[PDB]
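J.: partial complex follows, first chain(s) only, in situ:
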Amino acid sequence: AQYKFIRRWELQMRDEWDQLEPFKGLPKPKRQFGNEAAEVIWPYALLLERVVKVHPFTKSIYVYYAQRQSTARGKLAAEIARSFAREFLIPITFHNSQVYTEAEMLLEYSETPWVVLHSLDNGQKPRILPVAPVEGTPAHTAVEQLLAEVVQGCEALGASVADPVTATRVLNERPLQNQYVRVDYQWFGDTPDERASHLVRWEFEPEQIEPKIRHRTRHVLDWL
Amino acid sequence: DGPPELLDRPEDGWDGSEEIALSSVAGXXXXXXXXXX
Amino acid sequence: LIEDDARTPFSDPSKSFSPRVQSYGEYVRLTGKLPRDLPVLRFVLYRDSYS
Amino acid sequence: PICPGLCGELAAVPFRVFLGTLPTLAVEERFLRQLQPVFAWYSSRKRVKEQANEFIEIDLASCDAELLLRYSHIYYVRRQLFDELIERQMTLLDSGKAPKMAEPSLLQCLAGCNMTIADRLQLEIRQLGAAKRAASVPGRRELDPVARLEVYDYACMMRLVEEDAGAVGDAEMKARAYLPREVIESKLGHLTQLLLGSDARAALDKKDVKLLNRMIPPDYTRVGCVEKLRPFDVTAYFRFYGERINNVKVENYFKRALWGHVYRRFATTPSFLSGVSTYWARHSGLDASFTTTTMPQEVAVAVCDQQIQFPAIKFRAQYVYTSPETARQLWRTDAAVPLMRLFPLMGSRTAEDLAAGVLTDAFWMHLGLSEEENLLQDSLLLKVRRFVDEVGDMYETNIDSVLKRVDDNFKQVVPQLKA
Amino acid sequence: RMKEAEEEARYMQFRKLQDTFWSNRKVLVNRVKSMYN
Amino acid sequence: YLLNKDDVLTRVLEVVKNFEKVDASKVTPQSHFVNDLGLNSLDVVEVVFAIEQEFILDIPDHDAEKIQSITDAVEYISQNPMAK
Amino acid sequence: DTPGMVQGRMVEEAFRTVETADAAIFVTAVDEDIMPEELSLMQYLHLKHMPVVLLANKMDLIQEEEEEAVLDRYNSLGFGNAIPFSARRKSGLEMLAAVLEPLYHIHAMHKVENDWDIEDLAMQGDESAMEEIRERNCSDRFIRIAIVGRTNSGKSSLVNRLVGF
């Protein structure tokens, strides 16, 4: 029995590594029925193709859509919200690093999906924007229209902050939110320095630049 | 097509003994302000 | 913190440093509580060649 | 689902439902596939994790037990739930040793009703037995559809037969989409003010609101979502609100039950439901292009026929609780679904509930208010007022004529099986 | 400059106490001027 | 010589309210330990023993098996002269 | 002292030493979150039916406000009431001593009871029991044999062959 139990342990660990060995240092995302875009391994090529910039004072973007729809335009709006959540939610958080993006599929017969925008100002109520695409406009255009609406709503909600200085303070003190994202850095570089090697890096701190080894001058001469 | 766990699949071959069952059992004062009315 | 050896260069990560005190601290007088009912204080004064 | 809104005050009864073993959570994946309309309740319920097993803590006194028994589709799960309910009710009865007993006169009036119920009982059971052998449909599936039909699966089989009678799929979900809770409460307060000028209270009490929250499954709690109610939940809310808001004295429980069943019928009728319903996005003010403020009449009638169906099973399940001596005999042999929310309202309360329900069903069948139009007519309101007042006064004065009325009205509401 | 204001809060406690002791004697002196005149 | 029923009720009320399984809003001066409070028999043994803690008197086995209601606990301690 | 879990798996030598032990002190650190290899070992120790006590080391890095949420997660990890510990500050040894004290007396009981069983068996005339008692009562000084040499000389394989595994 113990032999088969150890074999089971080995197989379980092997599959868990094959799934998460290059992503073991990252936290795990939510296991919701709309957050399938968080467990997939995102190509850095797609992440570079889709670079969305939202207002820095925004903190959360949620996209709620319904599972089943009884109306044709309701099903169309649900598909639009699903496509937007699968296309731009991960790029937004990956390129902003201060916003938390989440999508969810409510198991109900609704025909109007929506998006919720939360700002860094706790004293400011969140905003709700419905997904109401034009029947004549295609899905590829409706997704871009929803993205435009979301970006403009984020801009308005960030500009309508109560105390911009306090908002900047809480932004500077807030940690990173996209630590769960599984990015496959393909031929670009395993390290940010390897990625930006084609550029001159002027932003460095001498405390970290200074080598902290014995005979560091000898080693620097050998390296140079 | 959506979440496969939510997607329904049929059970053509199922064992009566395959069912599993287990039994487990579950294991400030304040001040009173007075206002004359 | 000030070095303990001049032979060891500052580039050595395991260089020893000991603390030397620059100021022992800051002090203020102690002023007790003065009772509302008994403000008058009686005392004895001993002066050696003081006016 | 036998008596919407019929609830009594009792403590919490915890029960741990086994969800499976990590990582092969078979019961949990079956629940994910089946409990889709009650997935909000499922996700809201707490998750307790043992060392190597998974359990969920449900409240047997709350609607959790009945919802699981109705939507389970798992024979051994619902069997364990039914057996635990029966055993805990037996233990509670043996420990209480003193339940309130009804009068022997009214119990004799209800005893003769089962003699006529047993004729349609065999017919309605065959409908439930035939539906079990039709589990090969991709809509609803079961483990052993060829096995013998048992007593605990009655709720699921009744739900399936009601779906087949309505002929509209996901009618409960389509009705929950158009039945928000706040607008339903507002329309119910309006109807209560129309029915009673000063006889109604200003609002409901906190204990009653707590009982309602325990008996109604919760919806999602997102930022933009609103509390939506199923049609059965709206019926239960109407019944509970009326029965708790009428200013009839606590000793005159019969008139309170009559008002409760009147509100239950006002909620079960399709015209009033579609008239008082509105889309959730319109109620919230989010969207103004897909207003669709009116509920689809086809879905409304198809979902009201579900609640209209199966009178005999409900009457039998309530007669089981009408007397404690007969409950010990009919809990393991006769057709009966056990609900912990029926135990605090013992013999007297449930007997008066049965009588009031029979009388209200007969009044509705006689006046034809189920389909005509516009129940808010002042003439119909005054007629209902006079009906409830006369019946309450008669029940207080002379009970023999009331029992004769109950017998005649029972023969009226549930006719004998023909051919 | 925010930490500079935090250092003044430590020493402001002892400046209020010196102003209180001087004002207490001012009140006590005026009481004596009335008891005798 | 005997404790008054008002004081002996406040004590038994405060114990069942501060109990580990009983809710404050569910208890009332006229309530049953099993039906109105929802406690099991092994929990009734605990709440009676908690009453034996504040009232230094010792209750025998037969006289403790009769205390299934809060009013029953009040009547027993009131008639018992050995209560502090 | 056993080696850590490398690549989510403990070496075979460590598994045999853990099985030989009576109890286990699962030492986890607070600077890093709970990792899958820790959960894999926790369930392995559970399936082996061995007493394990959770010890949360490196508590000196925890602030006064975050100690609540940290211990809540450690107590909901299957093992109850994780012991806060700090090896740099040497905090928690008197608290760890109170936990290993019952196991100390239980082992003392099993040892004396086993000695009585072997004594009774040897009085019956069993050679294995008399030989066991002879090795016990033989009170002589241990001979420390150190096997040293150069790297890759095969001394680790030499002791493994001498021991038998």
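T.: Cool, the structure landed. Residues are numbered from 1 along each chain as shown, chains lettered A, B, ... in the order given.
J.: residue boundaries of the strands in the chain?
T.: No chain in the question, so chain A it is. Secondary structure of chain A (DSSP state E): strands located at A:42-43, A:58-66, A:100-106, A:114-119, A:127-130, A:183-184.
J.: oops, chain C please
T.: If you assign secondary structure with DSSP E, the strands in chain C sit at C:2-3, C:17-18.
J.: do you know which of the ones you listed lies nearest chain D?
T.: Among those, the nearest to chain D by C-beta to the nearest C-beta is strand C:17-18 (51.0 Å). For the C-beta atoms, the positions are set from N, CA and C on the backbone; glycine is no exception.
J.: wait, does the closest one contact chain A?
T.: No: Strand C:17-18 is not in contact with chain A by C-beta under 8 Å from any C-beta of the partner chain; minimum separation 15.2 Å.
J.: mind listing the strands that strand pairs with, and their directions?
T.: Within its sheet, and counting by DSSP bridges, strand C:17-18 is paired with strand C:2-3 (antiparallel).
J.: out of the strands of chain A, flag the one nearest chain G.
T.: Each of the strands of chain A has some distance to chain G by C-beta to the nearest C-beta; the shortest is strand A:100-106, at 18.5 Å.
J.: find the closest residue to chain A in chain F.
T.: Nearest residue of chain F to chain A, counting by C-beta to the nearest C-beta: residue F:25, 32.0 Å away.
J.: further, place chain H onto the existing structure:
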Amino acid sequence: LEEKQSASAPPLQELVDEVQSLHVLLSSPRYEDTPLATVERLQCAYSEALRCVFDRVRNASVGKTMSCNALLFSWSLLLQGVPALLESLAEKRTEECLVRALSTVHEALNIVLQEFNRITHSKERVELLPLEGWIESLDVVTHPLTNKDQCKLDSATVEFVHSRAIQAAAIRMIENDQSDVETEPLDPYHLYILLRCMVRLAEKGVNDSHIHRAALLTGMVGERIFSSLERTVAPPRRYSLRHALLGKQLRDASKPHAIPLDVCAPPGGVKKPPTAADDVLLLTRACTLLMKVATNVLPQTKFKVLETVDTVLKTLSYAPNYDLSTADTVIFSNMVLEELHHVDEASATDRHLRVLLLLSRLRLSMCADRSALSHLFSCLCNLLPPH
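T.: Same chains as before, plus chain H:
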């Protein structure tokens, strides 16, 4: 939490509140270090507010005109501030002015006394006034101002008001009609007033039932205050398991060391106290009055009195030093020492430790009345350690 909160999303009363605030600022011990100019300003404001309240009351002169509860609370305030009110109303330092002010106050109190006579003649129900109302009525009917040595007095009225207050206390202690938040049965000030009335009627209130009800009331109040202080200073998570396994034990037995009485957190800051500025003082004085009342009772109720004394003593040990009033605390301590002079078992050790720690805490050189210090000297010279 963000998801959850987003899913969720000159009146007489003001005059009375101002009078109460100024009185607590002038009488609380932790404000004794206030500057003298501020003390004089607060005292002038308090005198002016009390004069305005008394003027309003004497101009109304009818309970049914304004209120009953408001009138009773206003008269309780005026009674607790009689000397300042008299010095403000007489407007001069003269015996004739004092007599005039006292006569005016007697005239104004005749209204309340006649209202009490009318109520006790009509036999009103206890639902008329709350427990606070009945206690204030008992205070204003038993206050020595009526017999200072021309008012309407009646011992039947006194006994009726006393019985009504006791019945209202019983009702309030048995109702417990709170949903989830637990409140105190009675304010510390009203509890002190009730026990003061019981001290005044000690010749008539020797009833063990009344003494037991009062002891239970003050025990509940002390339990509230102690629970507040304990929630304020509580041991942390890092020491929770250490206390569960070891329990504040020491490495070596005979170090020697100081025996800890209560387990709390290590020093972490200032931890501003939550209790009011006079809660501890009122609790201490009320417990002193309770012990003075129950000095001669049966052992069955004496046990409950001693348990309440132990609860109040624990509350005092938890209370800070600036909130501890030296005079009232030393009075309470010497009374507890007189009680400990009786040979007690299994609790004399901890009681002696509590009392001696509380005595070492405070400053005996700052005590106002020297009679308490002399009695403490006697009690400590006559005190015997446990066996």
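J.: tell me the buried residues in the helix or strand where residue G:107 lies?
T.: Take DSSP states H and E as the rule and residue G:107 turns out to sit in helix G:93-124. For helix G:93-124, the neighbour count (16 or more other C-beta atoms under 10 Å in any protein chain shown) marks G:95, G:96, G:98, G:99, G:118, G:122 as buried.
J.: do the same with stretch D:51-60
T.: The neighbour-count check on stretch D:51-60 (16+ other C-beta under 10 Å) flags D:53, D:54, D:55, D:56, D:57, D:58, D:59, D:60 as buried.
J.: hang on, the first one packs against residue D:21?
T.: Yes: A contact is recorded between residue D:53 and residue D:21 when judged using C-beta atoms under 8 Å, the distance being 5.6 Å.
J.: related to what we said a few turns ago, could you redo the buried residues of stretch D:51-60 as CSV and give each row secondary structure and distance to chain A?
T.: Formatted as CSV, the buried residues of stretch D:51-60 follow (DSSP: H, G, I helix; E, B strand; the rest coil; distance: C-beta to the nearest C-beta, whole Å):
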residue, secondary structure, distance to chain A
D:53, coil, 17
D:54, strand, 14
D:55, strand, 19
D:56, strand, 17
D:57, strand, 20
D:58, strand, 19
D:59, strand, 22
D:60, coil, 25
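J.: extend the structure above with chain I:
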Amino acid sequence: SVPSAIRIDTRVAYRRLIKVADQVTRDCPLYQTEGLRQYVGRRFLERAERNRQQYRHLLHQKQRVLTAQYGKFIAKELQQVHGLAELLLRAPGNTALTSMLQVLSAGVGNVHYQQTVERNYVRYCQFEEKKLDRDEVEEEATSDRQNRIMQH
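T.: Chain I added:
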């Protein structure tokens, strides 16, 4: 479900066990307020539910002769509970049993750590009982041997 006699017997046993646990928490200092009470209640309720499920399975003249066996089994378990209460009463004198009860009240480790302390408790009491007898018979034997040697 369970007959009234067995219910009354188990209630008396549980009350005795609670009284003994409180007396032990008083006599030997258990530094946690609830202490052994929660653990004892949990274990007792778990065993009671196990035996109730066993009786439910047994419910399915054969039932007449099996109910007597079930009653004898319950009586044996109750005698075990009473002996355990006696051993808890004798614990506060010994310091090892005090440490076992203290660690059980604190509730550290896992089910296997809390079970080896629970099972070996009564075994430790029996071992302390046998140890005195062994030491006494050995000292009497060596005294007789010394007296016999001194005679020659």
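J.: could you re-examine the buried residues of helix G:93-124 with chain I now present?
T.: G:95, G:96, G:98, G:99, G:101, G:102, G:103, G:105, G:106, G:109, G:118, G:122.
J.: so which pair among those is furthest apart in space?
T.: Between all members of the buried residues of helix G:93-124, the longest pairwise span (C-beta to C-beta) is found for G:95 and G:122 and amounts to 41.9 Å.
J.: that older thread, do the helix holding residue G:107 and chain I meet at all?
T.: Yes: contact of helix G:93-124 with chain I (C-beta under 8 Å from any C-beta) involves G:98, G:99, G:101, G:102, G:103, G:105, G:106, G:109, G:112, G:113, G:116.
J.: for the longest helix seen in chain A, what is the distance to the chain centroid?
T.: With DSSP state H applied, the helix covering the greatest number of residues in chain A is identified as helix A:139-159. What separates the centre of helix A:139-159 from the centre of its chain is 16 Å, taken as C-alpha atoms, centre = their mean, to the nearest Å.
J.: now for it, which elements pack on it?
T.: strand A:58-66, helix A:72-87, strand A:114-119, strand A:127-130 (3 or more C-beta pairs under 8 Å, 6 or more residues apart in numbering or on different chains; DSSP states H and E).
J.: if we can go back for a sec, same for the helix holding residue G:107, what does it pack against?
T.: For helix G:93-124, the packing partners by 3+ C-beta pairs under 8 Å, 6+ apart come out as strand G:52-57, strand G:83-84, helix G:127-137, helix H:237-245, helix I:95-106, helix I:111-151.
J.: okay then, goodbye and thanks.
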